[PDB]
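Structure first, then comments.
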Ligand SMILES: Nc1ncnc2c1ncn2[C@@H]1O[C@H](COP(=O)(O)OP(=O)(O)NP(=O)(O)O)[C@@H](O)[C@H]1O
Ligand SMILES: Nc1ncnc2c1ncn2[C@@H]1O[C@H](COP(=O)(O)OP(=O)(O)NP(=O)(O)O)[C@@H](O)[C@H]1O
Ligand SMILES: [Mg+2]
Ligand SMILES: [Mg+2]
């Protein structure tokens with residue numbers, strides 16, 4: 001077996017990674033000292049969840065984005081331990097922490113804004129990204145932009161992809177997604193959940209098929225090949241060019257559905273890399289999402305259970 | 001030559017401070033203004049010594065990427081260090097400042113194994129010719145034998161290097177029970193009585209009885225700090241009361257560590273009893289006037305030093 005030298009590889013982007021600290025406490029005593037023994041500290045970020053699931057699936061993958069300081073080094077180390085390749089751009093600022101306190105049935109979180117990217121670093125990353133284009137065949141982009149970047153930064157990145165014929169799978173929300181949709185350079189896939197789809201449309205959430213069809217058909221979403229709307233336990237609703245799919249999925253035992261969309265995005269990206277057909281793509285995406293929801297870990301799948309779930313999924317033209 | 005202080009922080013931390021308007025439970029709290037510092041009582045002592053212009057070298061255990069954050073912060077302050085690296089990772093600690101409250105999460109931190117413990121002792125010995133005083137602050141990290149400070153102080157005594165010690169509880173108890181004695185201890189009043197399992201009593205007669213117990217045998221200086229009320233001390237057979245003025249206070253945390261920096265400076269320079277006590281309290285006071293922890297403005301030193309009264313009692 002030779003190490004490959006071509007472009008058969010997925011690039012993931014995590015522009016605002018975090019060192020996530022999880023504090024499980026018997027009780028959170030306010031205005032007091034809380035002593036902890038079993039802290040978990042992890043490499044955090046939506047794009048990193050996508051990366052980890054791709055690595056589990058066995059797809060060739062490279063992680064990039066911005067890292068800074070010792071916390072950036074911590075992230076690199078976590079990826080090294082997992083044998084995941086990375087080529088982050090180094091910044092003068094410091095990678096952020098995020099805190100989760102798990103106490104008394106509650107999850108209390110403190111989320112840091114993170115570093116500011118300066119103009120030289122913003123420009124340097126674009127050049128770094130350009131050079132990576134000849135070695136990759138798909139780009140997955142997850143999460144919002146860190147402070148200091150122009151509003152158009154994802155639009156600029158997608159332009160670089162479009163210029164080299166590289167498909168972009170995009171998973172962002174709110175104004176971040178809105179700015180992309182209005183720009184001429186298009187992602188190949190977007191993956192909102194139904195909540196993200198409607199708040200983007202500034203209209204109320206409607207679970208009906210007819211309303212969904214109209215929603216994804218609006219001129220906001222023109223030029224986008226795949227619109228895959230994930231529906232948690234109800235599966236997915238999707239639009240490919242001019243075709244509508246409804247993706248029905250079996251009921252399973254859920255532990256933590258967080259990162260299931262990231263797991264879906266990994267499935268979509270794996271399927272795009274391999275030029276899979278519509279049914280196989282939608283089934284892989286949902287199988288990975290479901291498998292993650294069955295796990296206590298975030299962005300994690302047990303593939304021993306893959307085939308069992310995959311074969312239960314119904315995809316139909318609606 | 002060896003005109004230099006060594007500080008020990010066996011248990012450092014990367015301290016994160018989050019000021020929030022409200023701490024919203026079971027919800028997301030967004031912060032933009034975060035302060036992350038190289039934490040530990042011994043590092044407070046170190047910063048204040050550096051500020052006063054004393055030659056100082058910081059040691060202790062560090063590990064992993066958080067260990068390097070600590071080294072880098074000292075480098076930026078131009079503070080010298082000679083830590084010993086461990087397999088484990090230096091810990092974080094969290095303080096959340098919300099609605100007049102201070103909610104803290106303190107990580108237990110890394111376990112120091114047998115190899116590293118023994119390795120550190122050798123490294124420590126190698127530093128005894130380079131220094132003329134040692135300041136030891138804080139509790140032991142996980143995994144160290146209860147006698148570890150006893151072992152350290154033994155090496156100092158072997159080379160006639162005086163030790164200023166600031167720890168509490170069973171840690172201080174263990175040192176006091178061993179033959180190798182520190183030259184100074186600096187409990188606050190609360191710590192003194194907690195150690196003795198006695199009720200807190202601020203009277204001169206009670207303090208004189210407390211510090212003269214057999215447990216404190218063979219300690220040259222027992223300096224009991226009293227916050228805004230100043231200090232009470234025993235030097236050999238002499239008792240001292242240190243009275244101080246009422247000043248504008250912002251944050252007194254780390255004022256004991258500032259006092260310890262003052263004491264150690266005074267010991268290094270062989271200052272007299274009055275000058276040692278006045279310097280110790282001046283630095284404690286200067287710290288209390290600052291929002292930052294373990295920070296002093298020396299432009300205000302003389303004015304406060306000049307107001308301190310030291311009485312033999
Ligand atoms: N409770 C559940 N039961 C079964 N399958 C689920 C469940 N939740 C999610 N899934 C699967 O995972 C897919 C994506 O989940 P979903 O919760 O819609 O993503 P998301 O909200 O974007 N989560 P995140 O990755 O944290 O952003 C779904 O379409 C399902 O196939
Ligand atoms: N509110 C205050 N006003 C004036 N001076 C103070 C005040 N608090 C502390 N000081 C000075 O600082 C010295 C030591 O403070 P103290 O609070 O006794 O230390 P501590 O309890 O060991 N604090 P820490 O360093 O955080 O452990 C006192 O003896 C005073 O000289
Ligand atoms: Mg999502
Ligand atoms: Mg103290």
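So basically every Cβ, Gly included, is an ideal-geometry build from the backbone, and we count neighbours across all protein chains shown. Only the coordinates and a few stated rules stand behind these numbers; no lab work does.
Report yes if residue A:180 is under 26 Å from residue A:259 (Cα atoms) and away from ligand 3 (no atom under 16 Å from the Cβ), otherwise no.
no
Counting only residues that are over 19 Å from residue B:167 (Cβ atoms) and part of a strand (DSSP E or B), which one in segment B:32-48 is nearest to the other protein chains (Cβ to nearest Cβ)?
Restricting to residues being over 19 Å from residue B:167 (Cβ atoms) and part of a strand (DSSP E or B), the top hit is B:36.
Name the residue that is farthest from the other protein chains (Cβ to nearest Cβ), counting only residues in segment A:109-123 that are over 23 Å from the mean Cα position of the chain (by Cα) and either without any contact (Cβ under 8 Å) to a residue 12 or more places away in the chain or more than 19 Å from residue A:71 (Cα to Cα) (or both).
Restricting to residues being over 23 Å from the mean Cα position of the chain (by Cα) and either without any contact (Cβ under 8 Å) to a residue 12 or more places away in the chain or more than 19 Å from residue A:71 (Cα to Cα) (or both), the top hit is A:123.
State whether one or more residues within segment A:133-141 are without any contact (Cβ under 8 Å) to a residue 24 or more places away in the chain and more than 29 Å from residue A:219 (Cα to Cα).
no
Each row is one residue, and each column tells you yes or no for (1) away from every other protein chain (no Cβ under 14 Å); (2) within 19 Å of the chain's Cα centre (by Cα).
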site: A:63; (1), (2): yes, yes
site: A:90; (1), (2): yes, no
site: A:98; (1), (2): no, yes
site: A:131; (1), (2): yes, no
site: A:144; (1), (2): no, yes
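Would you confirm, using the coordinates I've provided, whether residue B:51 is away from chain A (no Cβ under 14 Å), within 21 Å of the chain's Cα centre (by Cα) and part of a helix (DSSP H, G or I)?
yes
Could you please let me know if residue A:137 is within 14 Å of chain B (Cβ to nearest Cβ), buried (at least 16 other Cβ atoms within 10 Å of the Cβ) and away from ligand 2 (no atom under 16 Å from the Cβ)?
Judged against the criteria, residue A:137 is not a match.
Output the qualifying pairs, or none if there are none: Cβ atoms under 9 angstrom, residues six or more apart or on different chains, first residue in segment B:215-230 and at positive phi, second residue within 15 Å of ligand 4 (Cβ to nearest atom) and part of a loop (DSSP other than H, G, I, E, B).
From residues that are at positive phi, the pairs are B:227/B:252.
Hey, among B:219, B:244, B:263, which residue is farther than 19 Å from residue B:200 by Cβ, touching a strand residue (DSSP E or B) at 6+ places or on another chain (Cβ under 9 Å) and near ligand 2 (Cβ under 7 Å from one of its atoms)?
B:244
Has segment B:76-85 got at least one residue that is part of a helix (DSSP H, G or I), more than 19 Å from residue B:133 (Cα to Cα) and within 14 Å of chain A (Cβ to nearest Cβ)?
Yes, there is a match, as at least one residue in segment B:76-85 is part of a helix (DSSP H, G or I), more than 19 Å from residue B:133 (Cα to Cα) and within 14 Å of chain A (Cβ to nearest Cβ).
Identify the residue in segment A:20-31 that is within 16 Å of residue B:102 (Cα to Cα) and facing another protein chain (nearest Cβ under 7 Å) and, among all such residues, is surrounded by the most Cβ atoms within 10 Å (Cβ to Cβ).
Among them, the one singled out is A:30.
Those residues that are under 17 Å from residue B:230 (Cβ atoms) and either within 14 Å of chain A (Cβ to nearest Cβ) or within 13 Å of ligand 4 (Cβ to nearest atom) (or both), I need them from segment B:186-202; list them, please.
The answer is B:186, B:187, B:188, B:189, B:190, B:191, B:192.
Tell me, yes or no, whether segment B:249-257 has at least one residue that is farther than 24 Å from residue B:168 by Cα and surrounded by fewer than 22 Cβ atoms within 10 Å (Cβ to Cβ).
Within segment B:249-257, one or more residues are farther than 24 Å from residue B:168 by Cα and surrounded by fewer than 22 Cβ atoms within 10 Å (Cβ to Cβ).
For residue A:182, indicate whether it is more than 16 Å from ligand 1 (Cβ to nearest atom) and either touching a strand residue (DSSP E or B) at 6+ places or on another chain (Cβ under 8 Å) or within 14 Å of chain B (Cβ to nearest Cβ) (or both).
no
Taking into account only those residues within segment A:101-112 that are in contact with a strand residue (DSSP E or B) (Cβ under 7 Å, 6 or more places away or on another chain) and surrounded by fewer than 19 Cβ atoms within 10 Å (Cβ to Cβ), which is farthest from residue A:22 (Cα to Cα)?
Among them, the one singled out is A:111.
Kindly establish whether residue B:34 is within 16 Å of ligand 3 (Cβ to nearest atom) and under 23 Å from residue A:42 (Cβ atoms).
No: the conditions fail for residue B:34.
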